[PDB]
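I have placed the structure first, in the form of structure tokens, so that the comments after it can refer back to it.
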Amino acid sequence: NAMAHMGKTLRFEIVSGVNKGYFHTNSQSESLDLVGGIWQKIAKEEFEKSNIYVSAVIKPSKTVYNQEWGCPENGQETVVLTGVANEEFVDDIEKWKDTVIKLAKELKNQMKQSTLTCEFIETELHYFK
Amino acid sequence: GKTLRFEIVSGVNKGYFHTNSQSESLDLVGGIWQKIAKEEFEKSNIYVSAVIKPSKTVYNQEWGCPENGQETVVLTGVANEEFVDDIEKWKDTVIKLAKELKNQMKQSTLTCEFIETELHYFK
Amino acid sequence: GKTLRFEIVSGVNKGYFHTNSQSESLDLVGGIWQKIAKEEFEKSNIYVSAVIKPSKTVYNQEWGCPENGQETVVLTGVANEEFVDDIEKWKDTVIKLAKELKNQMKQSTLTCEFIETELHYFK
Ligand SMILES: CSC[C@H]1O[C@@H](n2cnc3c(N)ncnc32)[C@H](O)[C@@H]1OP(=O)(O)OC[C@H]1O[C@@H](n2cnc3c(N)ncnc32)[C@H](O)[C@@H]1O
Ligand SMILES: CSC[C@H]1O[C@@H](n2cnc3c(N)ncnc32)[C@H](O)[C@@H]1OP(=O)(O)OC[C@H]1O[C@@H](n2cnc3c(N)ncnc32)[C@H](O)[C@@H]1O
Ligand SMILES: CSC[C@H]1O[C@@H](n2cnc3c(N)ncnc32)[C@H](O)[C@@H]1OP(=O)(O)OC[C@H]1O[C@@H](n2cnc3c(N)ncnc32)[C@H](O)[C@@H]1O
């Protein structure tokens, strides 16, 4: 037996530095667990208030910019977080978007970052059960 | 002209495959995708290539998520007009592959997204 | 308040550079991007930063793909209105850098995609 839902929706992408100066991780595996733990805590706290849980897929990365602006040679250690508003769990896309933005700001604070990006992209989600 | 890209997220089912690292689980999914993409190409003459990335997916521990996230793989690809003449048939093929990956990886659930994109291909 | 993001996928040419791990190949591509982006900024006043991710790309072994996939790097970035005034010129700059990366990495083929996105920038 099987079920499939298709619909138009939004995905998000967030990019954050990982302040090695403060957290002292030794590998991309370790920094992935660091950010995963922080996200898990803040997402749970928000869900308990609003009944909106924002799950995130987290990927290891480095971000390259001008060394004159503080970038290490070959790039700064970063993590990329992405997720989609699944109609199985989301009834109001505007409130979901507001929740993502709030979580992005909290992550910026917890990771002690000067700057952070949060993007929304239109997507067609097929969800299989 | 516009085309489509796809993105799939899958678990790696340590209970069934018993991988010991993110490197090993990346190669596992790579090999499975290679087999199922070839099998579909033999039927339809459409080959769907995939870029695969290591990841962890974070959700509520009450729903079965490990502490700090579940080991996952992200697969993405694009409909390249060099190889694709019919976008509808390509889309149908991706959906078939997404279902087959869900089956082969023994996953309860699976996401497959389509996004509009403008592809520049340099050869 | 829409802008564009880009995605590039490149091989890492073990035949030429002889890297021994995904960590080493990530630093290789990062260093090359850093140099070419700086050079272009000095000419055009457009700096294209990139997020770089480790990956493998899976295609038919009959076409040269290793078993379980080819080692690749994925580069993404977004046109931030804080720094960019003209989206057409930014896109032209990305395309030039994508071609230069193809040349420096000695790749036969390369993809560069553009996707519409809504950027929130927090400072
Ligand atoms: C790697 S798959 C594992 C879980 O990983 C998350 N996940 C999977 N793919 C994605 C994706 N592309 N982007 C973001 N998160 C994703 C999802 O939370 C997914 O949960 P399932 O869809 O499998 O739901 C299983 C059950 O868990 C509950 N649940 C899961 N997510 C939510 C949620 N967001 N809100 C409420 N309930 C939720 C609900 O009972 C549901 O039937
Ligand atoms: C990392 S580059 C390596 C290969 O990796 C795959 N690839 C590269 N970039 C991407 C990307 N963004 N998303 C998904 N797959 C990608 C492609 O399959 C690519 O093949 P090439 O474009 O280099 O074609 C090489 C030759 O191989 C054949 N070929 C490659 N792909 C297909 C195809 N899909 N259908 C038919 N023939 C195909 C054909 O002879 C072609 O001239
Ligand atoms: C991991 S955050 C680190 C740096 O990483 C880059 N970065 C962050 N998120 C992303 C992303 N999603 N995609 C691509 N690059 C990104 C950005 O270059 C960022 O720079 P900041 O926004 O923090 O600016 C810091 C300062 O650096 C200068 N600056 C940074 N980027 C540019 C730029 N593109 N052009 C000119 N000046 C730039 C400017 O003075 C600014 O006040």
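Here the Cβ positions follow ideal geometry from the backbone for every residue, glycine too, while neighbour counts run over all protein chains shown. Read-outs: derived from the displayed coordinates by stated rules, not from any lab.
For the stretch B:76-93, does any single residue satisfy the condition of being more than 11 Å from chain A (Cβ to nearest Cβ), among the polar types (S, T, N, Q) and part of a helix (DSSP H, G or I)?
Scanning the stretch B:76-93, I find at least one residue that is more than 11 Å from chain A (Cβ to nearest Cβ), among the polar types (S, T, N, Q) and part of a helix (DSSP H, G or I), so the answer is yes.
I'd like to verify a number: residues in the stretch B:85-112 that are crowded, with 18+ Cβ neighbours inside 10 Å, of a type outside the set (G, A, S) and in contact (Cβ under 8 Å) with a residue 60 or more places away in the chain, how many?
Summing the residues that are crowded, with 18+ Cβ neighbours inside 10 Å, of a type outside the set (G, A, S) and in contact (Cβ under 8 Å) with a residue 60 or more places away in the chain in the stretch B:85-112 gives 9.
Of the residues in the stretch B:60-86, how many are touching a helix residue (DSSP H, G or I) at 6+ places or on another chain (Cβ under 8 Å) and either more than 13 Å from ligand 2 (Cβ to nearest atom) or under 23 Å from A:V35 (Cα atoms) (or both)?
Restricting attention to the stretch B:60-86, the residues satisfying the condition of being touching a helix residue (DSSP H, G or I) at 6+ places or on another chain (Cβ under 8 Å) are B:60-61, B:65, B:67-69, B:71, B:73, B:75, B:77, B:79, B:84.
Next cut, either more than 13 Å from ligand 2 (Cβ to nearest atom) or under 23 Å from A:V35 (Cα atoms) (or both) only: B:60-61, B:65, B:67-69, B:71, B:73, B:75.
Final tally of qualifying residues: 9.
Does B:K56 meet the test of being out of contact with any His (no Cβ under 6 Å at 6 or more places or on another chain) and either buried (at least 21 other Cβ atoms within 10 Å of the Cβ) or within 7 Å of chain A (Cβ to nearest Cβ) (or both)?
Yes: the conditions hold for B:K56.
On the basis of being within 11 Å of another protein chain (Cβ to nearest Cβ), among the basic types (K, R) and more than 16 Å from ligand 3 (Cβ to nearest atom), does B:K102 make the cut?
Against the criterion (within 11 Å of another protein chain (Cβ to nearest Cβ), among the basic types (K, R) and more than 16 Å from ligand 3 (Cβ to nearest atom)), B:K102 qualifies.
Could you tell me which of the residues A:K59, A:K112, A:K97, A:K105 is closer than 17 Å to A:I42 by Cα, facing chain C (nearest Cβ under 7 Å) and not β-branched (V, I, T)?
A:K105
Would you mind stating whether A:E46 is away from chain C (no Cβ under 14 Å), under 21 Å from A:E13 (Cβ atoms), touching a residue at least 40 places away in the same chain (Cβ under 8 Å) and surrounded by fewer than 22 Cβ atoms within 10 Å (Cβ to Cβ)?
yes
Return the total of residues in the stretch A:64-98 being of a type in the set (S, T, Y) and over 12 Å from the mean Cα position of the chain (by Cα).
1
With the checklist (1) facing chain C (nearest Cβ under 10 Å); (2) over 17 Å from the mean Cα position of the chain (by Cα) in hand, flag the one item A:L125 doesn't pass.
Failed condition: (1).
I'd like to verify a number: residues in the stretch A:91-129 that are in contact with a strand residue (DSSP E or B) (Cβ under 8 Å, 6 or more places away or on another chain) and within 30 Å of A:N1 (Cβ to Cβ), how many?
Residues that pass the stated criteria total 9.
For the stretch B:110-123, name all the residues that are in contact with a helix residue (DSSP H, G or I) (Cβ under 8 Å, 6 or more places away or on another chain) and within 19 Å of A:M6 (Cβ to Cβ).
Passing the criteria: B:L110, B:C112, B:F114.
Just name the residue that is nearest to B:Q34 (Cα to Cα) out of those in the stretch C:62-74 that are over 14 Å from the mean Cα position of the chain (by Cα) and either more than 7 Å from every other protein chain (Cβ to nearest Cβ) or of a type in the set (D, E) (or both).
That would be C:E67.
Got a sec? Which of A:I52, A:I101, A:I42 is in a helix (DSSP H, G or I) and either within 16 Å of ligand 2 (Cβ to nearest atom) or touching a helix residue (DSSP H, G or I) at 6+ places or on another chain (Cβ under 6 Å) (or both)?
Within the list A:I52, A:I101, A:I42, the selection yields A:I42.
Looking at (1) farther than 23 Å from B:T76 by Cβ; (2) part of a helix (DSSP H, G or I); (3) in contact with a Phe, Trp or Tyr (Cβ under 8 Å, 6 or more places away or on another chain), which one does C:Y47 not meet, given that it meets all the others?
(2)
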